[PDB]
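Asks: Sequence below, structure please.
(2 chains)
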Amino acid sequence: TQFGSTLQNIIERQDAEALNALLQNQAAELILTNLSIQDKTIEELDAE
Amino acid sequence: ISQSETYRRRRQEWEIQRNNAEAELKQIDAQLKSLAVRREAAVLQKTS
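Replies: Numbers count the residues shown, from 1 in each chain, chains lettered A, B, ... in the order given. Please find the structure below.
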(Lines give C-alpha, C1' and ligand atoms only; values in the text may rest on other atoms or scores of the structure.)
Protein backbone atom coordinates (compact mmCIF):
# COMPACT_ATOMS: atom_id res chain seq x y z
CA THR A 1 0.00 0.00 0.00
CA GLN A 2 2.95 2.37 0.30
CA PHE A 3 3.92 1.61 -3.24
CA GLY A 4 0.28 2.14 -4.08
CA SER A 5 0.26 5.62 -2.61
CA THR A 6 3.63 6.41 -4.12
CA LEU A 7 2.46 5.37 -7.54
CA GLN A 8 -0.68 7.38 -7.28
CA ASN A 9 1.36 10.45 -6.37
CA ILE A 10 3.65 9.87 -9.33
CA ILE A 11 0.75 9.56 -11.65
CA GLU A 12 -0.95 12.70 -10.48
CA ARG A 13 2.32 14.55 -10.62
CA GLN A 14 3.07 13.18 -14.09
CA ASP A 15 -0.22 14.52 -15.36
CA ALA A 16 0.38 17.89 -13.71
CA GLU A 17 3.68 18.17 -15.54
CA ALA A 18 2.05 17.36 -18.83
CA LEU A 19 -0.48 20.07 -18.25
CA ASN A 20 2.05 22.72 -17.49
CA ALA A 21 3.91 21.91 -20.68
CA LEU A 22 0.64 22.06 -22.60
CA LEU A 23 -0.28 25.41 -21.21
CA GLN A 24 3.06 26.94 -22.07
CA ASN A 25 2.89 25.63 -25.60
CA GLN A 26 -0.56 27.12 -25.96
CA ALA A 27 0.67 30.44 -24.69
CA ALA A 28 3.32 30.49 -27.38
CA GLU A 29 0.72 30.05 -30.08
CA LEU A 30 -1.39 32.93 -28.86
CA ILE A 31 1.65 35.17 -28.72
CA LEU A 32 2.46 34.42 -32.32
CA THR A 33 -1.05 35.39 -33.29
CA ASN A 34 -0.78 38.58 -31.26
CA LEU A 35 2.43 39.47 -33.05
CA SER A 36 0.62 39.25 -36.38
CA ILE A 37 -2.11 41.47 -34.99
CA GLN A 38 0.39 44.04 -33.82
CA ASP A 39 2.02 44.08 -37.25
CA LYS A 40 -1.31 44.93 -38.79
CA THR A 41 -1.75 47.70 -36.22
CA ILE A 42 1.56 49.17 -37.32
CA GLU A 43 0.49 48.93 -40.96
CA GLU A 44 -2.79 50.64 -40.04
CA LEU A 45 -0.91 53.56 -38.63
CA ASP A 46 1.22 53.76 -41.76
CA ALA A 47 -2.01 53.80 -43.77
CA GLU A 48 -3.18 56.76 -41.64
CA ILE B 1 -11.48 92.74 -71.05
CA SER B 2 -13.24 93.13 -67.69
CA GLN B 3 -15.91 90.70 -68.83
CA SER B 4 -13.28 88.24 -70.00
CA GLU B 5 -11.38 88.60 -66.73
CA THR B 6 -14.57 88.11 -64.78
CA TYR B 7 -14.91 84.76 -66.43
CA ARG B 8 -11.26 83.92 -65.79
CA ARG B 9 -11.68 84.72 -62.12
CA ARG B 10 -14.82 82.63 -61.94
CA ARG B 11 -12.87 79.78 -63.50
CA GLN B 12 -10.13 80.13 -60.89
CA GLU B 13 -12.68 79.85 -58.12
CA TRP B 14 -14.09 76.74 -59.76
CA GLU B 15 -10.62 75.31 -60.12
CA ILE B 16 -9.96 75.67 -56.45
CA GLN B 17 -13.26 74.14 -55.51
CA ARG B 18 -12.85 71.19 -57.86
CA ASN B 19 -9.35 70.74 -56.47
CA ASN B 20 -10.74 70.62 -52.99
CA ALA B 21 -13.12 67.88 -54.08
CA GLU B 22 -10.23 66.19 -55.85
CA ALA B 23 -8.22 66.08 -52.68
CA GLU B 24 -11.18 64.61 -50.81
CA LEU B 25 -11.38 61.91 -53.45
CA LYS B 26 -7.84 60.84 -52.75
CA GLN B 27 -7.91 61.19 -48.97
CA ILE B 28 -11.00 59.05 -48.85
CA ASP B 29 -9.26 56.23 -50.65
CA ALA B 30 -6.43 56.38 -48.22
CA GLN B 31 -9.07 56.15 -45.47
CA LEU B 32 -10.69 53.17 -47.17
CA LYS B 33 -7.29 51.55 -47.31
CA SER B 34 -6.56 52.14 -43.62
CA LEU B 35 -9.97 50.73 -42.89
CA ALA B 36 -9.20 47.67 -44.95
CA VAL B 37 -6.09 47.16 -42.85
CA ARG B 38 -8.13 47.64 -39.69
CA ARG B 39 -10.56 45.04 -40.95
CA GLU B 40 -7.78 42.56 -41.51
CA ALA B 41 -6.49 43.17 -38.01
CA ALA B 42 -9.99 42.42 -36.75
CA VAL B 43 -9.96 39.22 -38.82
CA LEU B 44 -6.78 38.20 -37.09
CA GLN B 45 -8.47 38.95 -33.74
CA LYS B 46 -11.13 36.46 -34.81
CA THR B 47 -8.36 34.01 -35.63
CA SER B 48 -6.95 34.51 -32.14
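
Asks: Contact residues of chain B facing chain A?
Replies: Chain B has residues B:30, B:33, B:34, B:37, B:38, B:40, B:41, B:44, B:45, B:47, B:48 near chain A, with proximity defined as CB under 8 Å from any CB of the partner chain. Where you see a C-beta, it was placed from the backbone N, CA and C, and this is true even at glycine.

Asks: now, which of the residues you listed lie within helices?
Replies: B:30, B:33, B:34, B:37, B:38, B:40, B:41, B:44, B:45, B:47 (DSSP state H).

Asks: Mark which of the residues of chain B next to chain A are buried, thanks.
Replies: Buried residues within those, counting neighbours by 16 or more other CB atoms under 10 Å in any protein chain shown: B:34, B:37, B:38, B:41, B:44.

Asks: Against residue B:31, how distant is the residue nearest to the last one when sequence neighbours are not counted?
Replies: When you say that, I think you mean residue B:44. Spatial nearest neighbour of residue B:44, excluding adjacent residues (CB to CB, 6 or more residues apart in numbering or on different chains): residue A:37 at 4.7 Å. Separation of residue A:37 from residue B:31 (CB to CB, to the nearest Å): 21 Å.

Asks: can you check residue B:18 too?
Replies: Counting by CB to CB, the gap from residue B:18 to residue B:31 is 20 Å.

Asks: For the spatially most central residue of chain B, grab phi and psi.
Replies: Nearest to the mean C-alpha position of chain B, by CA atoms, centre = their mean, lies residue B:24 at 1.6 Å. Main-chain dihedrals, residue B:24, degrees, to the nearest 10: phi -60, psi -40.
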